[PDB]
């Protein structure tokens, strides 16, 4: 459903249904990172099968708990999720996935034969993970606990105490924690710290794609102990083998020049959060949300349980060209996902047309 909507309306002029920020052109990004003149001397032979040292050092430099040898660069975290769950699969294993979340986090394990146990997060509870309700789902057969923080679609950041309880549940059942830290670069602190150092059972996923305006580079990474890195590196030979030295190199300069990129998008998000709080006040209780704390998305809802966002989302895109992602893509029919990393004129235009559809 997430792919059904975002592909059918990929070319609409007012697209708020995606989770990436406004993407650069290659020339725009190179004017900020300064990596242009170095590209022509890059060899088109196979890249380092872990990713180049330049990229792994830039990733490792972000956290004192991370060293360059802990990192395996992948073609987005979509590949990293696939290889990680493949390596961890055994017969009779289950995984715990809080939902709403990115569909790949529970659909890939289902394809691989895992038993998938869902922890339904709810807006009434602030989309927060209750560790006593999480502890009900964790077996000795539970091998992976998915921890998407900042959350897609809600934007909720796990608190330090929530993390400590989840660490305790995982270590008790000897389960690993797959911490998808995609949106750590856009707090609403400069960046959120990685969870990789907090427990030996934590494996971290990261990427430049959503936060830096370069989703198309297809660069992600996995952080883990040497044994899980060796096992994932082995199986990546049967997925894509390597990523291109150019994508690798361009993403490295992005992280090394994050100060030229992330603040401008933070200001863009902060204005749009204000624009949506204005919209919530004007709607007088019809629209509410769990306020997001970090990332690129929000998951507001109609307070009337009868309204289907898909019906409102359909009329909005056909009559006005404005795309919102209906919450059915997350099994939350009253919610909808809205993109925060867009130009505020575009964000406000969408609210103005959404108001028109609400009236009529």
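Numbering follows the first chain given and starts at 1.
In the deposited entry, the stretch joining residue 128 to residue 129 is continuous, with no residue of the deposited sequence left without coordinates. In this crystal structure, the stretch out of 66 to 74 and 302 to 310 whose C-alpha atoms carry the higher mean B factor is 302 to 310.
In this entry, 128 to 136 has the higher mean Cα B-factor, the comparison being between 128 to 136 and 244 to 252. The top Cα temperature factor in the record, among 158, 105, 83, 219, falls on 158. Residue 187 sits in the middle third of its chain by CA B factor, as recorded in the PDB entry.
Ranked by Cα temperature factor within the chain, residue 51 sits in the lowest third according to the deposited record. Split the chain's modelled residues into thirds by C-alpha temperature factor. Residue 24 is in the lowest one.
Among the modelled residues of the chain, residue 232 sits in the middle third by CA temperature factor in this PDB entry. Annotation for residue 257: CA B-factor lies in the lowest third of the chain's modelled residues.
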